[PDB]
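Protein chains: 6
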Amino acid sequence: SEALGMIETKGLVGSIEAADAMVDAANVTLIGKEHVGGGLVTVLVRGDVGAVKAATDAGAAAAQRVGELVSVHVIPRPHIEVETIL
Amino acid sequence: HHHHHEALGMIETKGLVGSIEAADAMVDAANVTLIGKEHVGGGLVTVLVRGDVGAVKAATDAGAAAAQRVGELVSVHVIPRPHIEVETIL
Amino acid sequence: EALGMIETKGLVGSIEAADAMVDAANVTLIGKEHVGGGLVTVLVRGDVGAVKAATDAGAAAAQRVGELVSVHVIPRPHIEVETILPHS
Amino acid sequence: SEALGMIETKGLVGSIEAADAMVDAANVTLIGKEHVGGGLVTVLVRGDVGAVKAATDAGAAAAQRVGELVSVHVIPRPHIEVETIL
Amino acid sequence: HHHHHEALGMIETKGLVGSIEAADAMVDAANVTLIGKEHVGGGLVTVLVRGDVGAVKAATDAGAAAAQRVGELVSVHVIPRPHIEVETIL
Amino acid sequence: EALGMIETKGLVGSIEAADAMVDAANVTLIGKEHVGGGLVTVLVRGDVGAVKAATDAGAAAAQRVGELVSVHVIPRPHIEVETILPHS
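First to last, the sequence lines map onto chains A, C, B, A', C' and B'. A prime marks a further copy of an entry chain. Under PDB author numbering, the first residue of the first sequence is numbered 4, with each subsequent residue one higher. Letter by letter, the second sequence follows residues -3 to 1, 5 to 89 of PDB author numbering. Under PDB author numbering, the first residue of the third sequence is numbered 5, with each subsequent residue one higher. Under PDB author numbering, the first residue of the fourth sequence is numbered 4, with each subsequent residue one higher. Letter by letter, the fifth sequence follows residues -3 to 1, 5 to 89 of PDB author numbering. Under PDB author numbering, the first residue of the sixth sequence is numbered 5, with each subsequent residue one higher.
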């Protein structure tokens, strides 16, 4: 159960910049991006807890510089059931 | 038409992050099954769980509190005995 | 058959409206429609009396958990309107 | 080139009620309904000018009673090119 | 990359009614071809026309005024010599 | 290659941004993405210098006809980011 990191922005540009800054900051896997309507876009990463925390911190700061940051969160040990909605 | 003669728990958020956190907290809090998530546009996302009523109430209480900390909570509800017809819109 | 509809902002209000409608009267839940902006409509069909009882119960239930936008009953819809509705 | 009548609402309920009131008020053809996002829904009718004006007036009043009316308009003699976006 | 070595007119509205009225007024005002309409979500709708620059300017001016009377006008623009690459997003 | 992006509220601002970008420099217009809520992004690829010139021109052009939301250049995108981008 690898850690899960997520950044949500209003607008795609902030999310693409967040994804690039996340993989630049640490060895994390980019799971993908999700569009939920209303302009909201989420990018998600997986990896060891330390790497996910470093990646999400870098991604949140990068997204805030170019777009609108909405949320930033890390789940260090997600439950296996959560994989069914990722 | 009732199933017998399981309870449904739901949390709706504005944004996916609050829903992923709600889903994780729900399955962590009690013996419930995560049924899935629905996007209805306008940024609204709903995550649904099934199980015995006591487990669904404990899971939704934990999921509502968790979603509010990281995102925007919109609704939280438990239907103890949902009609089978409601499955057609889940 | 009469047509009953409840529109909410958010899916949770619509799931609760649909459950309260089928619980209150013998109506057929046709389904749900998403029109964007968070708006969701649930539609039922049945005899006029059943549809009125179901929609009244559904509207009150939806308002408790979410945001009720509209509630309406068309007792005898024109056949042309069926061409723009969802069907079972 | 039959007249074109249109009613736009915020929400589907107002548009279904508008469509029923339009066909109830006059001999018009319901072309269909369109969802453009943001909750906006448009219902369109065709027929002779007099019938379309009566139908759209009835549909606007009916939609306003149950939902949110946004726009109401009649084009008495639409250009043939407009059929390509209907 | 230019087409030669036609002009594009566009009107964006919030709601379909303003766009249908803009399209009708545009083709009525001048010799332009209605290319189509695009929905981008959030209620925004764009209608596009092609023709000689003078015709496109006359058509967009008429369409902008007509859309504002019945709905919500958001944008109005003419590109006299659009690059062929822009066709990939029209 | 460098990646340039311009996000607007409305399609008109994005069509004008795309035209001004290809007019200003030799960049490849990858396409456009709609993420809901009226937000539209247009993306270009090319050498860093060309992408910076194109995005600067596109941002100024989009602001004149519509609502500019974001403008950004990533000079050397990580290979992983290509998996979430549109491609030609």
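Note that the Cβ used here is the ideal one computed from N, Cα and C, for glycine as well.
- Distance from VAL77 (chain A') to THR59 (chain A') at the Cβ level is roughly 5 Å; contact confirmed, criterion being Cβ atoms closer than 8 Å.
- At a cut-off of 9 Å, the C-beta of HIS76 (chain C) has a neighbouring C-beta in chain B.
- In terms of Cβ geometry, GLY40 (chain B') and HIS82 (chain A) do not form a close pair [threshold 9 Å].
- The three-state reading of DSSP puts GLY8 (chain A) in strand, counting E and B together.
- Counting along the chain, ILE34 (chain A) sits inside the beta strand (DSSP E) bounded by residues 32 to 38.
- Note on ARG49 (chain A'): 16 or more other CB atoms within 10 angstroms of its CB, so buried under the neighbour-count rule.
- For the pair of segments examined, the stretch 23 to 34 of chain B' was found not to touch the stretch 62 to 75 of chain C': the number of CB pairs separated by less than 8 Å stays below three.
- Residue C':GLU20 holds the alpha-carbon nearest to the alpha-carbon of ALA64 (chain C') among C':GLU20, C':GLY42, C':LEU89.
- By the 16-neighbour rule on beta-carbons within 10 angstroms, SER92 (chain B') is exposed.
- Taken through DSSP and simplified to helix, strand or coil, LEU89 (chain C) comes out as coil.
- Contact with chain C is absent for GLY8 (chain B), since none of that chain's Cβ atoms lies less than 9 Å from the residue's Cβ.
- Taking 7 Å as the cut-off between beta carbons, the residues of the stretch 12 to 42 of chain A near chain B' are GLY14, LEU15, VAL16, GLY17, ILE19, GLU20, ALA22, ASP23, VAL26, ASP27, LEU33, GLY35, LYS36, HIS38, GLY40, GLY41, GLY42, in sequence order.
- Counting the other CB atoms within 10 Å of its CB gives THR87 (chain B) a total below 16, which places it among the exposed residues.
- Taking a C-beta distance under 9 Å as the contact criterion, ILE10 (chain A') and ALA66 (chain A') qualify as a contact pair.
- It is roughly 43 Å from the alpha-carbon of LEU89 (chain A') to the alpha-carbon of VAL52 (chain B').
- Taking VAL46 (chain C) as the centre and dropping the five residues before and after it, the same chain places the C-beta of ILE10, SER18, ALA21, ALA22, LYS36 closer than 6 Å to its C-beta, in chain order.
- Of the candidates A':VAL44, A':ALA61, A':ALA6, the residue whose Cα lies closest to the Cα of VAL16 (chain C') is A':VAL44.
- Within chain C, the C-beta atoms nearer than 7 Å to that of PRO81 (chain A) come from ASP23, in chain order.
- Between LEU7 (chain B') and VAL55 (chain B'), the CB-CB gap stays under 9 Å.
- At least one CB atom of chain B' sits nearer than 9 Å to the CB of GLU84 (chain C').
- According to the DSSP assignment, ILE78 (chain A') belongs to the beta strand (DSSP E) that extends over 71 to 78.
- If you draw a straight line from the Cα of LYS13 (chain C') to the Cα of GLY14 (chain A), it comes to about 19 Å.
- In the DSSP assignment, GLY17 (chain B) falls within the unbroken alpha helix (DSSP H) covering 15 to 28.
- The alpha-carbon separation between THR32 (chain B) and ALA61 (chain C) amounts to approximately 34 Å.
- For the C-beta of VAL48 (chain C), not a single chain B residue is nearer than 8 Å; the gap to the nearest is close to 13 Å.
- The beta carbon of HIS(-3) (chain C) sits closer than 8 Å to those of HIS82, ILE83, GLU84, all from its chain and outside the five residues before and after it, given in chain order.
- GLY53 (chain A) carries a helical assignment under DSSP once its states are collapsed to helix, strand and coil.
- Partner residues in the beta bridge of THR45 (chain A'), as assigned by DSSP, are A':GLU11, A':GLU37.
- Close partners of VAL52 (chain A) in chain C (Cβ separation under 8 Å) are lacking, with about 15 Å as the shortest Cβ gap.
- When 7 Å is used as the limit between beta carbons, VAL44 (chain A) is near these residues of chain B': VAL39, in chain order.
- Against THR87 (chain A), the close residues of chain C are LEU33, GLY35, in the order they occur along the chain (beta-carbon pairs closer than 8 Å).
- Among the residues of chain B, none has a CB under 7 Å from the CB of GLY62 (chain A'); the nearest is roughly 11 Å distant.
- Take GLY42 (chain A), set aside five residues on each side of it, and the residues of its chain with a beta-carbon closer than 8 Å to its own are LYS13, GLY14, in chain order.
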